[PDB]
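Chains E and A, in that order, give the protein sequences.
For the first sequence, the residue numbers in PDB author numbering are 1 to 58, 64 to 121, 129 to 360.
For the second sequence, the residue numbers in PDB author numbering are 1 to 56, 64 to 125, 129 to 360.
Worksheet: the structure to be examined is printed underneath.
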Amino acid sequence: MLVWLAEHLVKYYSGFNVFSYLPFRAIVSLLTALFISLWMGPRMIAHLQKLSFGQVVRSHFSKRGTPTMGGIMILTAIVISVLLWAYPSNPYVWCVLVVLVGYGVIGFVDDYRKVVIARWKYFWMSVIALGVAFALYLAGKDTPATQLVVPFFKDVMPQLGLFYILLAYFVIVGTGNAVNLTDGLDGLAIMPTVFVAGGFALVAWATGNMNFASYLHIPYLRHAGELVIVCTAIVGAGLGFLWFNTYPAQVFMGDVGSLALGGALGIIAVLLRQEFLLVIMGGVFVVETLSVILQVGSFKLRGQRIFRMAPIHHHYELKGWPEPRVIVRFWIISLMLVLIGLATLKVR
Amino acid sequence: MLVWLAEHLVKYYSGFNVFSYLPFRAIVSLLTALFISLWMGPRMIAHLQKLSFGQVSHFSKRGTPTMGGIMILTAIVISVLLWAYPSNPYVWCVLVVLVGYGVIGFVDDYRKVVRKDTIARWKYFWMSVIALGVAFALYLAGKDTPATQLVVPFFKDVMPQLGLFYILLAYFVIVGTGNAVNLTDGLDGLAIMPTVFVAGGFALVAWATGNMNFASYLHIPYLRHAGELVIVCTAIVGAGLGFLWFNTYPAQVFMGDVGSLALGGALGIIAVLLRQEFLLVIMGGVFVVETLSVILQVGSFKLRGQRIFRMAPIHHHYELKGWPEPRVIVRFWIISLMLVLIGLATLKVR
């Protein structure tokens with residue numbers, strides 16, 4: 001909404017016209033997100049630890070008694086930055102915001118219950141995802157805004173009907189749960205989110221313009237040009253939160269922020285018609301989901317286990333790898349998958 | 001060199017024009033450097049363990072080889088030679104600077120750890139002579155050309171043309187970047203990931219200065235046969251990341267002057283060829299801040315006699331204040347990344 005002020009007051013001073021330039025707005029959104037996250041930092045963690053344990057005053066590596074409600078930091082940063090430097094008239098930004106808010110409140114309720129139910133959370137996630145997908149499908153009737161996009165191929169673009177809603181629901185809920193289970197280690201489920209959000213900012217910017225949209229064969233969405241601000245704000249908020257959520261994590265991520273960020277990533281993926289690009293980019297989350305699935309399947313099928321623990325990060329941590337080593341190694345893996353995914357668009 | 005192989009085998013390998021297309025070869029170079037580094041990591045760390053100490064505890068401070076930057080050096084050089092055009096002089100200038108700094112660091116670390124001694131100022135003399143030679147060669151290449159005009163961001167209006175001052179600027183930037191990367195290596199992994207970010211930003215800029223249309227759009231000096239520096243920057247990114255695989259907080263292998271000085275010189279020289287020294291300062295703000303902090307505390311302890319930081323490098327200051335090492339590492343990676351983004355954004359507004 002702050003950009004609206006810039007254009008409504010550019011008449012008196014013509015220098016405000018720069019605020020409507022997408023790159024400048026994106027950079028300012030990044031900076032606003034990080035600065036908000038850092039400003040609502042130590043005070044917020046102090047409040048959370050007072051509420052959870054009472055004794056405000058806090064060995065380091067063997068951390069204990071750290072707050073587990075830090076995702077409200079990400080929620081506030083992302084929402085404030087988006088509402089400040091993104092056009093409210095866009096329905097796409099509002100769809101992203103409603104998905105973030107819904108998943109964040111779901112996780113917040115879950116963590117509040119924990120500090121003071130699977131079916132309830134699953135049902136709320138499913139209903140919100142289904143509603144969002146239904147609205148998006150109603151908008152995109154027989155339009156390249158609802159055609160499936162596959163890498164390494166441009167002749168095939170199978171238009172979707174109810175399969176569009178089905179795939180939207182799968183991608184959104186699967187990404188949300190994948191980030192929820194990737195929370196296993198502190199700092200592991202934010203930097204991959206930052207890298208994927210940056211990749212999606214680049215992709216969304218490529219979708220916005222006519223020339224690049226036609227050059228890369230990416231489907232054109234007129235309203236997708238403003239998702240750059242949301243993606244960049246997600247990047248900024250993720251970096252700001254990682255400032256505290258390092259191996260000696262001052263504040264744990266918790267579900268309240270994890271589910272919100274997973275839903276945000278999935279929703280950016282679906283609105284851009286880039287589910288496969290999210291799978292490749294966020295391949296860390298997908299492979300962790302596959303790991304837990306394989307572990308449970310082997311456990312039920314036979315007495316032997318594939319991994320030490322169901323998630324890969326926990327398995328490697330117990331194998332002997334220290335926590336920071338595995339955290340940084342999966343950061344590297346996520347970065348490489350992000351670059352590969354971004355190249356996959358150019359391969360087409 | 002494989003590009004030449006594709007060029008003179010395309011007559012029957014129909015469809016290998018892709019091997020010449022710059023983004024493809026850049027991504028392939030990154031992957032090649034990363035996978036080479038990952039494949040040859042364990043062997044190098046094992047050999048260095050059996051060499052430095054003679055024989056092969065969670066975060067123990069001992070048993071970690073110090074001169075492990077041979078990994079970065081070999082990865083970068085092999086990737087560049089295999090995928091970058093050797094015809095152009097820019098890639099070879101970067102390669103020679105990198106190899107010279109690498110051998111200087113290797114000699115220093117061999118004299119340090121293998122002989123249990125504690129090179130003295132001969133390293134600096136060699137640094138100066140190689141930097142001056144490279145700067146003189148570049149100046150001889152460019153006589154009253156955009157390759158020597160200074161680039162000042164925020165103001166495309168003024169671009170002073172350097173004469174003999176070009177050699178001085180190249181000396182200052184290269185030597186300062188080398189020393190700053192040497193200083194900021196006190197922690198493990200703190201001098202790599204920022205190097206990866208700076209190298210990626212420089213890869214984007216070099217791809218930007220490669221094209222006439224794009225260079226005109228950004229009003230950056232158009233440098234011929236400088237688009238192949240994209241391969242060198244991309245291979246630096248890949249090698250730095252592959253090394254970081256083995257150089258996280260539980261450092262399986264410390265990087266010594268070998269590698270650290272190599273990457274510092276590579277960043278400085280890449281800045282010199284691209285004529286973006288000031289942008290190099292913006293991107294390596296971390297290195298610059300560390301160097302000026304060391305100098306500032308030295309001056310304070312010399313004149314006033316008191317100290318304002320616990321230790322000369324800023325990261326040492328923070329960790330001794332109470333910050334654990336991983337927190338400092340990540341809180342400097344974030345700063346370096348955001349400085350890279352700030353510099354790249356500055357590149358556009360002029």
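We put the beta carbon where it would ideally sit given N, CA and C, even for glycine.
Per DSSP, the continuous alpha helix (DSSP H) segment holding E/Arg337 begins and ends at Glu335 to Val359. Interface with chain E (7 Å Cβ-Cβ cutoff): A/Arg69 is excluded.
Looking at the backbone, the Cα of A/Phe212 and that of A/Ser64 are separated by about 40 Å. Not a single CB atom of chain E sits nearer than 7 Å to the CB of A/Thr244. A/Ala281 is the residue among A/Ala281, A/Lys133, A/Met203 and A/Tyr108 whose C-alpha sits nearest the C-alpha of A/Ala157.
Close to E/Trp255, with beta-carbon spacing below 7 Å, are these residues of chain A in chain order: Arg341 and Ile344. Burial check for E/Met74: the Cβ neighbour count within 10 Å reaches 16 or more, so the residue is buried.
DSSP lists E/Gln159 as the bridge partner or partners of E/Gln171. Using beta-carbon distances, E/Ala355 counts as an interface residue toward chain A, with a partner under 7 Å. A distance below 7 Å separates the beta carbons of E/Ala236 and E/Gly220. Linking E/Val3 to E/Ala216 through their CA atoms gives a straight-line distance of about 19 Å. Assignment of E/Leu228 by DSSP, reduced to helix, strand and coil, places it in the coil class. Taking 7 Å as the threshold, the shortest C-beta distance from E/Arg337 to chain A falls below it. Under the three-state reduction of DSSP, E/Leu9 is assigned to coil, being neither helix nor strand. For A/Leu251, the nearest beta carbon of chain E is closer than 7 Å to its own beta carbon.
Residue contact with chain E for A/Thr258: present (Cβ-Cβ distance below 7 Å to some residue of chain E). A Cβ-Cβ distance of about 5 Å is found for the pair E/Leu347 and E/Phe207, placing them in contact under the 8 Å criterion. In this structure, the beta-carbon distance from A/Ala245 to A/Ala33 falls below 7 Å. Nearest in C-alpha terms to A/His229, of all of A/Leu9, A/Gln55 and A/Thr356, is A/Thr356. Secondary structure of E/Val183 (DSSP, three-state): helix. Residue contact check for E/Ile202 against chain A: no CB pair falls below 7 Å.
Here the C-alpha atom of A/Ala190 lies approximately 11 Å from the C-alpha atom of A/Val291.
Secondary structure note for A/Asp267: its alpha helix (DSSP H) is the uninterrupted segment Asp267 to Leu284.
By the C-beta density criterion, E/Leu9 is exposed, having fewer than 16 other C-beta atoms within 10 angstroms. Pairing E/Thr258 with A/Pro336 gives a Cβ-Cβ distance under 7 Å.
Per DSSP, reduced to three states, the secondary structure at E/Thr81 is helical. Only residues of its own chain outside the window of five on either side were considered, and among them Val98, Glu238, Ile241 and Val242 have a CB closer than 7 Å to the CB of A/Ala91, listed in chain order. Note that the region 133-141 of chain E does not touch the region 69-88 of chain E; fewer than 3 beta-carbon pairs, one per stretch, sit closer than 8 Å. In this structure, the alpha-carbon of E/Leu51 lies about 22 Å from that of E/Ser67. Looking only at E/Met78, E/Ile202 and E/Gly54, the smallest Cα-Cα distance to E/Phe113 is reached by E/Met78. A/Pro334 has a beta carbon lying within less than 7 Å of a beta carbon in chain E. Linking A/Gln55 to E/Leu283 through their CA atoms gives a straight-line distance of about 57 Å. Counting C-beta pairs with one atom in each stretch, the region 167-187 of chain E and the region 141-158 of chain E have three or more that are closer than 8 Å, which means they touch. Excluding five sequence positions before and after E/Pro260, the CB atoms of its chain that fall closer than 8 Å to its own CB belong to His65, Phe66 and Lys68, given in chain order. Here the C-alpha atom of E/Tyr149 lies approximately 58 Å from the C-alpha atom of A/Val268.
Among the CB atoms of chain A, none fall inside 7 Å of the CB of E/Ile230.
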